[PDB]
**Student:** 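The structure's right below; bear with me while I get my questions together.
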Amino acid sequence: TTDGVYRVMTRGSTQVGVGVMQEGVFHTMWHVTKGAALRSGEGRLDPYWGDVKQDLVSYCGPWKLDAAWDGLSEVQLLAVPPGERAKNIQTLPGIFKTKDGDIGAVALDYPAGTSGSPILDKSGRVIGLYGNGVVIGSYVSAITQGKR
Amino acid sequence: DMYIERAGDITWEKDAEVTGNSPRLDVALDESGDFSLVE
């Protein structure tokens, strides 16, 4: 239940994604778990809220992350790659321009199992999750944030 | 069996590697959560 970044594993074992524990709620991307229950040690985490269009899901309670990219500053992807220690990658986001407004986007192309890794502002707040994006052969991830 | 394992604290790191460019892209988001390029 400890705050932090977590690997999402399936059973040999394979890492299928990453998520964020904050305020007793686990946050990841819908496409990582498809809403399945998660084991945590001897405990079980059940899905609480989810949305395919946002590609987000929370477990044990409602979505808690609400910080947003400021549109100007560099950010850090706290990547948790399969088989490797958690590692920070700093970058200046580009922008997804959509008919409903602009979304920050990071032009970083890491293994699928890093999907759900958090993107952070300079204060250490999670401004969204990595792993839903587009190809321009280089992948670009939206900074996907939910609503609190 | 889908399960989770703690991998670290959520912190900014002063000495992080820095990389990646900052493209400006027109995109659309469909009902399935898929982004696509728009011209």
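Residue numbering restarts at 1 for every chain, and letters A, B, ... go by the order of the sequence lines. Basis for what follows: all heavy atoms, side chains included, without hydrogens, waters or symmetry-related copies.
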**Student:** Is there a path from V134(A) to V106(A) through hydrophobic residues (I, L, V, M, F, W, Y) whose side chains come within less than 4.5 Å of each other?
**Tutor:** no

**Student:** Report the C-alpha distance between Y6(A) and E5(B) in whole Å, list the side-chain angles of each, state the deciding distance to 0.1 Å, and finish with yes or no for side chain to side chain contact (heavy atoms under 4.5 Å, CB included).
**Tutor:** CA-CA 5 Å; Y6(A) 288 66; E5(B) 304 182 327; 5.6 Å; no

**Student:** Find the distance between CG (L77(A)) and CD (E17(B)) and round it off to the nearest 0.5 Å.
**Tutor:**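 Answer rounded to 0.5 Å: 10.5 Å.
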
**Student:** Relative to chain A, which of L37(B), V27(B), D30(B) shows the most heavy atom pairs under 4.5 Å?
**Tutor:**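 The option with the most such pairs is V27(B).
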
**Student:** Would you say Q76(A) and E13(B) make side-chain contact, with heavy atoms under 4.5 Å?
**Tutor:** yes

**Student:** Just give me the residue among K99(A), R85(A), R11(A) that pairs up with chain B most often, heavy atom to heavy atom, under 4.5 Å.
**Tutor:**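 That would be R11(A).
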
**Student:** With a 4.5 angstrom heavy-atom cut-off, which part of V126(A) approaches chain B: side chain, backbone, both or neither?
**Tutor:**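 For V126(A), the side chain is the part near chain B, not the backbone.
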
**Student:** If only atom types and distance count, is the side chain of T91(A) paired as donor or acceptor with the main-chain N or O of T19(B) below 3.5 Å?
**Tutor:**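 Side chain of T91(A) to backbone of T19(B), a donor-acceptor pair under 3.5 Å: yes, one is there.
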
**Student:** Which bit of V80(A) comes within less than 4.5 Å of chain B, counting heavy atoms only: side chain, backbone, both or neither?
**Tutor:**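 Side chain only.
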
**Student:** Can you tell me which portion of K87(A) sits under 4.5 Å from chain B's heavy atoms? Options are side chain, backbone, both or neither.
**Tutor:** side chain

**Student:** To the closest 0.5 Å, what do you measure between CG (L78(A)) and OG1 (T11(B))?
**Tutor:**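 It comes to 6.5 Å.
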
**Student:** Return the minimal non-hydrogen interatomic distance between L25(B) and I136(A), and the atom names on each side.
**Tutor:**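 Smallest heavy-atom distance, with atoms named: CD1-CG2, 3.5 Å.
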
**Student:** Looking at chain B, which one of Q15(A), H31(A), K53(A), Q22(A) has the largest number of heavy-atom pairs inside 4.5 Å, strictly under?
**Tutor:** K53(A)

**Student:** Would you kindly confirm whether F26(A) and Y48(A) end up in one hydrophobic cluster when ILVMFWY residues are joined by side chain heavy atoms under 4.5 Å apart?
**Tutor:** yes

**Student:** Applying the 4.5 Å side-chain criterion to the ILVMFWY set and letting contacts propagate, would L129(A) and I10(B) be lumped into a single cluster?
**Tutor:** yes

**Student:** Can you say whether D100(A) sits under 4.5 Å from chain B via the side chain, the backbone, both, or neither, judging by heavy atoms?
**Tutor:**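 No part of it gets close to chain B.
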
**Student:** Heavy-atom distance under 4.5 Å to chain B: side chain of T33(A), backbone, both or neither?
**Tutor:**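 For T33(A), the contact with chain B is made by backbone and side chain together.
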
**Student:** To the nearest 0.5 Å, what is the distance between CG on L38(A) and CE on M2(B)?
**Tutor:** 7.0 Å

**Student:** Within the side chain of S40(A), is there an N or O that forms a donor-acceptor pair under 3.5 Å with the backbone of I4(B)?
**Tutor:**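 The answer is no, because no donor-acceptor pair under 3.5 Å joins these two groups.
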
**Student:** Count the heavy-atom pairs under 4.5 Å between each of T28(A), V75(A), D51(A), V16(A) and chain B, then report the option with the highest count.
**Tutor:** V75(A)

**Student:** Can you confirm whether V140(A) sits close enough to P23(B) that some side-chain heavy atom of one is under 4.5 Å from a side-chain heavy atom of the other?
**Tutor:** yes

**Student:** Under 4.5 Å from any heavy atom of chain B, what part of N132(A) do you find: side chain, backbone, both or neither?
**Tutor:**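 Both parts, backbone and side chain.
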
**Student:** With heavy-atom distances below 4.5 Å as the criterion, would you say the side chains of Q90(A) and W12(B) are in contact?
**Tutor:**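 They are in side-chain contact.
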
**Student:** Side chain, backbone, both or neither: which part of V52(A) has a heavy atom under 4.5 Å from chain B?
**Tutor:** both

**Student:** Tell me, for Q54(A) versus chain B, whether the close heavy atoms (under 4.5 Å) come from the side chain, the backbone, both or neither.
**Tutor:** neither

**Student:** Is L108(A) in contact with chain B via its backbone, its side chain, both, or neither, using a 4.5 Å heavy-atom distance?
**Tutor:** side chain

**Student:** Taking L92(A) as the starting point, is it possible to reach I89(A) by hopping between hydrophobic residues whose side chains are less than 4.5 Å apart?
**Tutor:**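 Per the 4.5 Å side-chain linkage, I89(A) and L92(A) are not co-clustered.
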
**Student:** Counting neighbours of CZ on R39(A) that are heavy atoms of other residues, nucleotides or ligands and sit closer than 6.0 Å, is the number greater than 12?
**Tutor:**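 Yes, the 6.0 Å shell around CZ holds more than 12 heavy atoms from other groups.
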
**Student:** Taking every heavy-atom pair that is under 4.5 Å apart, which of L120(A), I103(A), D55(A) has the most such pairs with chain B?
**Tutor:** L120(A)

**Student:** If hydrophobic clusters are built by linking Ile, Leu, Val, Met, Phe, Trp and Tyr wherever their side-chain heavy atoms come under 4.5 Å apart, do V57(A) and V25(A) end up in the same one?
**Tutor:**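 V57(A) does not cluster with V25(A).
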
**Student:** Distance only, no hydrogens: is a donor on one side chain within 3.5 Å (strictly under) of an acceptor on the other, for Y3(B) and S13(A)?
**Tutor:**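 Yes.
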
**Student:** Relative to chain B, which segment of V18(A) carries a heavy atom at a distance below 4.5 Å: side chain, backbone, both, or neither?
**Tutor:**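 Neither part; nothing is under 4.5 Å.
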
**Student:** What is the minimum heavy-atom distance between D26(B) and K97(A), and which atoms define it?
**Tutor:**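 For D26(B) and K97(A), the tightest heavy-atom pair comes out as OD1-CE, 3.1 Å.
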
**Student:** Sort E74(A) into side chain, backbone, both or neither according to what part of it lies under 4.5 angstrom from a heavy atom of chain B.
**Tutor:**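 Both backbone and side chain.
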
**Student:** What option among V135(A), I95(A), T98(A) has the most heavy-atom pairs under 4.5 Å with chain B?
**Tutor:** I95(A)

**Student:** In terms of heavy-atom proximity below 4.5 Å to chain A, should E31(B) be classed as side chain, backbone, both, or neither?
**Tutor:** backbone

**Student:** Among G41(A), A107(A), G124(A), single out the residue with the greatest number of heavy-atom pairs under 4.5 Å to chain B.
**Tutor:**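 Option with the top pair count is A107(A).
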
